[PDB]
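Below is one structure; the comments refer to it alone.
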Amino acid sequence: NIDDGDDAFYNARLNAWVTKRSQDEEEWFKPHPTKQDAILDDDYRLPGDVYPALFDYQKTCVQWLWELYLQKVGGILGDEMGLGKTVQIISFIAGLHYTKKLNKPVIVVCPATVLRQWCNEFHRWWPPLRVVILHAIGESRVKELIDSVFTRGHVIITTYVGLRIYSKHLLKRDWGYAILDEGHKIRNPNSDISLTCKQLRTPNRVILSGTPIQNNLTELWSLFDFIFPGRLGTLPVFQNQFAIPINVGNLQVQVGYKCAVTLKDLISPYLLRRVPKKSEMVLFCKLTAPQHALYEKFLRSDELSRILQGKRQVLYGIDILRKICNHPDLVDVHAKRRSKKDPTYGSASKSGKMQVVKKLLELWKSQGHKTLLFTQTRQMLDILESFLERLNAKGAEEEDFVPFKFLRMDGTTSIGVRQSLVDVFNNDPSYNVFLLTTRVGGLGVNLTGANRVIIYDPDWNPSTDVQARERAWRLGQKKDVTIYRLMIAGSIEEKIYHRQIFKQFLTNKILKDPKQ
Amino acid sequence: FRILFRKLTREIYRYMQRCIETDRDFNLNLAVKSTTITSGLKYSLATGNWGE
Amino acid sequence: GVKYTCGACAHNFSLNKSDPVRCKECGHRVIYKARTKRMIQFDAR
Amino acid sequence: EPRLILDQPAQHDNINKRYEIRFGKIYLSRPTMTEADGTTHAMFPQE
RNA sequence: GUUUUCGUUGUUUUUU
Ligand SMILES: [Mg+2]
Ligand SMILES: [Zn+2]
């Protein structure tokens with residue numbers, strides 16, 4: 001457990017680094033043992049330890065961070081996935097700690113899947129920086145932890161669930177530089193996010209996420225609020241300025257063009273922007289006759305009108321009409337009572353997608369193509385798992401075949417398992433297919449082994465699918481990757497897919513050309 | 001049936017107004033609340049009250 | 001143990017709490033709990 | 001009352017955009033009860 | 001474990 005909760009852990013690493021560098025003040029302030037420091041200006045000289053270790057993008061991004069620091073306040077530092085974000089931020093923090101310009105503790109908020117990671121780069125790049133995570137180590141115990149966490153303690157780490165466990169003695173005292181590695185758990189305003197985040201007392205505010213804008217410009221305003229105190233205006237002002245005109249849009253374009261380029265110039269110096277082959281084949285299957293019957297039956301019923309008028313929400317009427325598109329046997333009232341104890345619950349050819357699943361997956365089963373099966377519900381996982389077990393039974397009973405070897409991962413499993421299964425797919429010639437349910441999976445899991453991808457059900461977030469495709473389309477993927485979309489024509493899948501295309505246009509004309 | 005159908009011909013009007021302003025490609029199979037003449041007969045024959 | 005009989009197809013069978021009400025061969029959802037073979041004693045008066 | 005007329009008197013220059021729906025023949029079907037699992041069967045009173 | 005837990009509106013038909 002690499003940490004500095006107990007000063008002994010700090011002392012050991014400190015001594016080791018001092019001995020390493022050796023071959024009046026805090027010793028590190030002296031230049032590099034074999035080279036000099038990079039003096040950008042009077043108040044900023046990067047140590048020779050890391051300055052040449054960076055490269056173009058990284059160096060100019062740390063430069064951007066220093067530029068913002070001098071201009072005060074901060075910005076939403078977000079670019080292509082993992083474009084040295086951590087390296088840049090820690091190098092810049094080390095830069096301020098080097099010139100003694102850090103006069104107040106730094107706070108960094110990161111997910112619980114990267115907690116040890118975030119402490120690791122501190123330990124390896126800059127041992128002189130002390131670090132303390134917000135846990136039992138780094139009710140009185142956390143108060144003795146508070147003792148000398150501001151003078152002795154340099155950087156405090158926090159999980160973005162853990163602030164409201166000890167916020168009583170954190171949000172009170174002043175703070176210096178602020179880092180939040182989370183740009184999709186802030187989104188729009190009016191949430192516990194703003195309740196425990198935007199009450200921090202520091203101009204320095206930086207967010208590390210390359211996907212801040214995925215739903216709407218309200219999320220943009222709320223993300224701009226955290227960094228800057230409102231160079232644009234209030235939420236009513238932000239809306240009444242350009243919310244409707246952008247959506248509706250000549251009569252809109254030109255005035256909208258100027259009103260949008262004004263915003264682009266207003267927020268552009270507050271968030272950085274940086275960016276094998278892929279085949280996108282979308283199959284349009286039809287609703288089967290038993291599916292069309294259950295579709296019309298639910299179509300003409302009291303519950304839909306009851307939802308429409310207002311006593312209920314449309315979220316519970318489009319979840320059940322997607323419940324029938326996945327397969328007919330999921331709108332049953334006995335779902336749990338026959339999910340894993342009735343070997344007829346799954347079935348085949350009734351879903352309207354088994355045939356384009358059987359054929360498409362068997363075209364790779366004998367071809368030996370590690371493929372990704374993708375869902376959103378753990379309930380449909382039961383059906384696709386019974387289906388694949390029956391496929392296994394059929395293949396094993398006859399000959400000249402090979403076991404299908406699937407696996408399912410979800411929130412039901414533990415955080416410990418993760419990488420293990422994520423690895424057993426890459427490093428095993430067997431274990432060809434495995435379902436992933438692309439909500440839990442996509443946090444950064446390395447599954448470069450896959451070369452084929454099947455999308456079964458369209459999602460709501462247009463972003464959740466890019467990580468899904470990236471589960472086999474990682475940067476510099478070994479072999480060509482293809483996407484096969486399942487889409488039931490003449491159904492809600494049509495509306496969702498067109499909606500997702502419109503959402504792609506939204507983030508593809510706001511950031512590309514506002515004349516579209 | 002006269003009663004129930006006189007409250008059937010009119011919900012076409014009261015939906016082809018909210019969409020006529022949008023002039024959308026209305027499905028026309030969603031404005032016809034077909035259970036219009038199911039429930040009046042069900043209630044008259046079940047509860048016993050011939051009306052609504 | 002708990003035996004079941006179909007509607008008129010005369011199919012004799014036994015459902016458990018894992019399947020819906022469906023005569024397994026005829027596909028008849030009007031099924032009937034098969035009578036108990038157990039003896040019943042009468043008074044004949 | 002076999003006549004259902006709508007309109008958009010304004011412009012489209014000036015116009016009567018006349019949505020006009022005409023009624024027609026009814027249809028009668030034989031009893032079919034349409035099970036809740038798509039196993040549709042013609043319905044018998046005993047059932 | 002002594003002990004120990006069902007109801008109403010409305011509707012119809014009824015009973016010397
Ligand atoms: Mg009496
Ligand atoms: Zn039968």
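Naming scheme: A, B, ... for chains in displayed order of the structure tokens; residues 1 onward per chain; ligands 1 onward as shown.
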How would you write, as a PyMOL selection string, the set of residues no farther than 10 Å from ligand 2 when counting only C-alpha atoms (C1' of nucleotides) and all ligand atoms? chain C and resi 5-13+22-31
Just the residues within 12 Å of region 305-314 of chain A, please, counting only C-alpha atoms (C1' of nucleotides), with nothing from its chain fewer than 3 positions along; format it as a VMD selection string. (chain A and resid 298 to 302 317 to 321) or (chain B and resid 30 to 35)
Would you list, as a PyMOL selection string, the residues of region 143-362 of chain A that end up in strand (DSSP E) under DSSP run on this structure's backbone? chain A and resi 155-159+178-180+206-208+278-285
What are the residues of chain A lining chain D at 9 Å or less? Count only C-alpha atoms, and put the answer as a compact mmCIF listing (two decimals) with N, CA, C and O atoms, in the first residue's frame.
# COMPACT_ATOMS: atom_id res chain seq x y z
N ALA A 289 -43.79 -11.95 -35.88
CA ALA A 289 -45.23 -11.95 -35.66
C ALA A 289 -45.60 -12.04 -34.19
O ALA A 289 -46.46 -11.25 -33.74
N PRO A 290 -45.03 -12.95 -33.37
CA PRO A 290 -45.31 -12.90 -31.93
C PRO A 290 -44.84 -11.60 -31.30
O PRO A 290 -45.47 -11.10 -30.36
N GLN A 291 -43.75 -11.04 -31.80
CA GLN A 291 -43.30 -9.72 -31.39
C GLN A 291 -44.25 -8.61 -31.81
O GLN A 291 -44.52 -7.71 -31.02
N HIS A 292 -44.77 -8.66 -33.04
CA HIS A 292 -45.72 -7.64 -33.47
C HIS A 292 -47.01 -7.71 -32.68
O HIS A 292 -47.62 -6.67 -32.39
N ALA A 293 -47.44 -8.91 -32.31
CA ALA A 293 -48.65 -9.07 -31.50
C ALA A 293 -48.47 -8.43 -30.13
O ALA A 293 -49.33 -7.67 -29.68
N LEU A 294 -47.35 -8.72 -29.46
CA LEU A 294 -47.09 -8.16 -28.14
C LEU A 294 -46.80 -6.67 -28.24
O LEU A 294 -46.99 -5.93 -27.27
N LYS A 297 -50.37 -5.13 -28.67
CA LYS A 297 -51.10 -5.29 -27.42
C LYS A 297 -50.70 -4.23 -26.40
O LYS A 297 -51.55 -3.58 -25.79
N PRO A 328 -39.17 -11.46 -26.90
CA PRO A 328 -40.52 -11.46 -26.32
C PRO A 328 -40.58 -11.89 -24.86
O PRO A 328 -41.43 -11.41 -24.11
N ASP A 329 -39.69 -12.79 -24.45
CA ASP A 329 -39.84 -13.48 -23.17
C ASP A 329 -39.32 -12.65 -22.00
O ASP A 329 -39.08 -13.20 -20.92
N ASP A 332 -42.39 -10.79 -19.23
CA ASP A 332 -43.14 -11.72 -18.40
C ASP A 332 -43.05 -11.30 -16.93
O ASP A 332 -42.06 -10.71 -16.49
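Between CA of residue 507 (chain A) and CA of residue 264 (chain A) the interatomic distance comes to 13.2 Å.
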Find the residues around region 2-10 of chain E up to 12 Å (only C-alpha atoms (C1' of nucleotides) counted), leave out those fewer than 2 positions away in its own chain, and share them as a ChimeraX atom specification. /B:46-49 /E:12
Please dump the current selection as a PDB file, in the first residue's frame; keep N, CA, C and O atoms (P, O5', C5', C4', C3', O3' and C1' of nucleotides).
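Dumped to out12.pdb:
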ATOM      1  N   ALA B  46     -70.906  -4.751 -16.379  1.00  0.00           N
ATOM      2  CA  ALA B  46     -70.307  -5.308 -15.175  1.00  0.00           C
ATOM      3  C   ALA B  46     -70.890  -4.671 -13.920  1.00  0.00           C
ATOM      4  O   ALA B  46     -71.453  -5.367 -13.069  1.00  0.00           O
ATOM      5  N   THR B  47     -70.759  -3.351 -13.791  1.00  0.00           N
ATOM      6  CA  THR B  47     -71.328  -2.643 -12.650  1.00  0.00           C
ATOM      7  C   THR B  47     -72.845  -2.571 -12.768  1.00  0.00           C
ATOM      8  O   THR B  47     -73.561  -2.783 -11.785  1.00  0.00           O
ATOM      9  N   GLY B  48     -73.339  -2.267 -13.965  1.00  0.00           N
ATOM     10  CA  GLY B  48     -74.768  -2.228 -14.200  1.00  0.00           C
ATOM     11  C   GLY B  48     -75.305  -0.857 -14.555  1.00  0.00           C
ATOM     12  O   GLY B  48     -76.519  -0.684 -14.695  1.00  0.00           O
ATOM     13  N   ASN B  49     -74.421   0.121 -14.722  1.00  0.00           N
ATOM     14  CA  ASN B  49     -74.825   1.497 -14.983  1.00  0.00           C
ATOM     15  C   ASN B  49     -74.574   1.830 -16.449  1.00  0.00           C
ATOM     16  O   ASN B  49     -73.424   1.855 -16.899  1.00  0.00           O
TER      17      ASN B  49
ATOM     18  P     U E  12     -79.370  -1.516  -8.381  1.00  0.00           P
ATOM     19  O5'   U E  12     -79.651  -3.066  -8.590  1.00  0.00           O
ATOM     20  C5'   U E  12     -79.455  -3.660  -9.862  1.00  0.00           C
ATOM     21  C4'   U E  12     -79.350  -5.159  -9.769  1.00  0.00           C
ATOM     22  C3'   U E  12     -80.470  -5.863  -9.029  1.00  0.00           C
ATOM     23  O3'   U E  12     -81.643  -6.009  -9.807  1.00  0.00           O
ATOM     24  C1'   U E  12     -78.397  -6.737  -8.325  1.00  0.00           C
TER      25        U E  12
END
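Within 9 Å of chain D, and using only C-alpha atoms, the residues found on chain B are residues 9, 13, 16, 17, 20 and 21 of chain B.
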How about saving the chosen residues, N, CA and C atoms kept, as a compact mmCIF listing (two decimals), in the first residue's frame?
# COMPACT_ATOMS: atom_id res chain seq x y z
N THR B 9 -65.48 10.03 -32.04
CA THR B 9 -65.22 10.83 -33.23
C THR B 9 -64.48 12.11 -32.89
N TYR B 13 -60.27 14.87 -33.36
CA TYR B 13 -60.10 16.31 -33.40
C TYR B 13 -59.15 16.78 -32.30
N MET B 16 -55.57 15.79 -33.48
CA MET B 16 -55.11 16.31 -34.76
C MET B 16 -55.09 17.86 -34.77
N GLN B 17 -55.07 18.43 -33.56
CA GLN B 17 -54.84 19.86 -33.37
C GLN B 17 -53.46 20.09 -32.77
N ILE B 20 -51.34 19.18 -35.76
CA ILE B 20 -51.53 19.97 -36.97
C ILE B 20 -50.64 21.21 -36.95
N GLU B 21 -50.36 21.75 -35.76
CA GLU B 21 -49.47 22.91 -35.68
C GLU B 21 -48.03 22.51 -35.96
Counting only C-alpha atoms, which residues of chain A come no farther than 10 Å from chain C, as a ChimeraX atom specification? /A:334,337-345
Take the residues that were just selected and, keeping C-alpha atoms, output them as a short mmCIF file (atom, residue, chain, number, x, y, z; two decimals), in the first residue's frame.
data_model
loop_
_atom_site.label_atom_id
_atom_site.label_comp_id
_atom_site.auth_asym_id
_atom_site.auth_seq_id
_atom_site.Cartn_x
_atom_site.Cartn_y
_atom_site.Cartn_z
CA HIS A 334 -42.38 -14.35 -13.68
CA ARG A 337 -38.97 -17.13 -11.23
CA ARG A 338 -37.89 -18.69 -14.55
CA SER A 339 -34.68 -16.82 -15.47
CA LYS A 340 -32.19 -19.54 -14.45
CA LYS A 341 -34.44 -22.47 -13.54
CA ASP A 342 -36.59 -22.83 -16.68
CA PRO A 343 -34.64 -23.93 -19.78
CA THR A 344 -37.26 -22.55 -22.17
CA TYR A 345 -37.17 -18.95 -20.95
#
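Shortest separation to chain D among C:21, C:33, C:15, C:4 occurs at residue C:21, atoms counted being only C-alpha atoms.
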I'd like to know which residues of chain B are helix (DSSP H, G or I) (by DSSP, run on the backbone); could you write them as a list in words? residues 2, 3, 4, 5, 6, 9, 10, 11, 12, 13, 36, 37, 38, 39, 40, 41, 42, 43, 44, 45 and 46 of chain B
Put those residues in a file: C-alpha atoms, as a compact mmCIF listing (two decimals), in the first residue's frame.
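After the write, selection.txt holds the following:
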# COMPACT_ATOMS: atom_id res chain seq x y z
CA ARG B 2 -74.14 6.14 -29.72
CA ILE B 3 -72.85 7.68 -26.48
CA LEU B 4 -69.43 6.02 -26.59
CA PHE B 5 -68.93 6.75 -30.30
CA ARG B 6 -69.95 10.37 -29.83
CA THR B 9 -65.22 10.83 -33.23
CA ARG B 10 -64.02 13.80 -31.17
CA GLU B 11 -60.71 12.56 -29.78
CA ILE B 12 -59.50 12.55 -33.40
CA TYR B 13 -60.10 16.31 -33.40
CA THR B 36 -62.96 4.10 -26.08
CA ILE B 37 -65.67 1.58 -26.85
CA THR B 38 -64.49 -1.10 -24.48
CA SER B 39 -64.79 0.49 -21.07
CA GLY B 40 -68.27 2.00 -21.29
CA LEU B 41 -69.72 -1.37 -22.27
CA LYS B 42 -67.56 -3.15 -19.69
CA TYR B 43 -68.80 -0.85 -16.92
CA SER B 44 -72.43 -0.92 -18.06
CA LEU B 45 -72.45 -4.72 -18.28
CA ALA B 46 -70.31 -5.31 -15.17
What lies within 12 Å of residue 9 (chain A) using only C-alpha atoms (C1' of nucleotides), ignoring chain neighbours under 3 positions off, as a PyMOL selection string? chain A and resi 1-6+12-16+123+127+130-132+137-138
Could the residues in this selection be saved with N, CA, C and O atoms as a short mmCIF file (atom, residue, chain, number, x, y, z; two decimals), in the first residue's frame?
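Done, and the output landed in again-v3.cif:
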data_model
loop_
_atom_site.label_atom_id
_atom_site.label_comp_id
_atom_site.auth_asym_id
_atom_site.auth_seq_id
_atom_site.Cartn_x
_atom_site.Cartn_y
_atom_site.Cartn_z
N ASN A 1 0.83 -1.20 0.00
CA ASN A 1 0.00 0.00 0.00
C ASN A 1 0.87 1.25 0.00
O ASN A 1 1.21 1.79 1.06
N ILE A 2 1.23 1.72 -1.20
CA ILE A 2 2.04 2.92 -1.34
C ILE A 2 1.21 4.13 -0.92
O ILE A 2 0.15 4.41 -1.49
N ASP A 3 1.69 4.86 0.09
CA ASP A 3 0.98 6.01 0.62
C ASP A 3 1.87 6.84 1.53
O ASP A 3 3.04 6.50 1.74
N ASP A 4 1.34 7.93 2.08
CA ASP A 4 2.08 8.74 3.05
C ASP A 4 1.18 9.11 4.22
O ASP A 4 1.34 10.17 4.84
N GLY A 5 0.23 8.24 4.55
CA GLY A 5 -0.62 8.46 5.70
C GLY A 5 0.18 8.50 6.98
O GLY A 5 0.03 9.41 7.80
N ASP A 6 1.04 7.50 7.16
CA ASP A 6 2.02 7.52 8.24
C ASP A 6 3.32 8.13 7.71
O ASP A 6 3.76 7.80 6.60
N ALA A 12 10.73 7.08 4.30
CA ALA A 12 11.49 6.07 3.57
C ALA A 12 11.68 6.49 2.11
O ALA A 12 12.81 6.48 1.60
N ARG A 13 10.59 6.87 1.45
CA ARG A 13 10.65 7.29 0.06
C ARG A 13 11.47 8.56 -0.08
O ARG A 13 12.23 8.71 -1.05
N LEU A 14 11.34 9.47 0.88
CA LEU A 14 12.07 10.73 0.86
C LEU A 14 13.57 10.47 0.91
O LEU A 14 14.33 11.02 0.11
N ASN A 15 14.00 9.61 1.83
CA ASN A 15 15.41 9.25 1.97
C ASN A 15 15.91 8.55 0.71
O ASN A 15 17.02 8.84 0.24
N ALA A 16 15.12 7.62 0.17
CA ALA A 16 15.52 6.90 -1.03
C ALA A 16 15.73 7.86 -2.19
O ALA A 16 16.74 7.78 -2.90
N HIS A 123 4.41 9.13 -6.08
CA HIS A 123 5.56 8.42 -5.54
C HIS A 123 6.71 8.31 -6.54
O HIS A 123 7.88 8.48 -6.16
N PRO A 127 8.72 12.16 -5.59
CA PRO A 127 8.71 11.73 -4.19
C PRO A 127 8.65 12.90 -3.21
O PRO A 127 8.05 12.76 -2.14
N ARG A 130 4.35 15.01 -0.77
CA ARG A 130 3.66 14.12 0.15
C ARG A 130 2.21 13.98 -0.31
O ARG A 130 1.69 14.83 -1.04
N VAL A 131 1.54 12.90 0.10
CA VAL A 131 0.21 12.61 -0.41
C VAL A 131 -0.62 11.91 0.66
O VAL A 131 -0.10 11.12 1.46
N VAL A 132 -1.92 12.20 0.70
CA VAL A 132 -2.82 11.62 1.69
C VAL A 132 -4.19 11.38 1.08
O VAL A 132 -4.89 12.32 0.68
N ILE A 137 -6.64 5.62 6.27
CA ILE A 137 -5.26 6.09 6.26
C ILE A 137 -5.05 6.91 4.99
O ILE A 137 -5.97 7.07 4.18
N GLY A 138 -3.85 7.44 4.81
CA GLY A 138 -3.56 8.28 3.66
C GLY A 138 -2.41 7.79 2.81
O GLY A 138 -1.50 8.55 2.48
#
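One distance worth recording is that between CA of residue 369 (chain A) and CA of residue 458 (chain A), which is 23.2 Å.
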With only C-alpha atoms as the basis for distance, which of B:51, B:8, B:29, B:15 is at the shortest distance from chain A? B:29
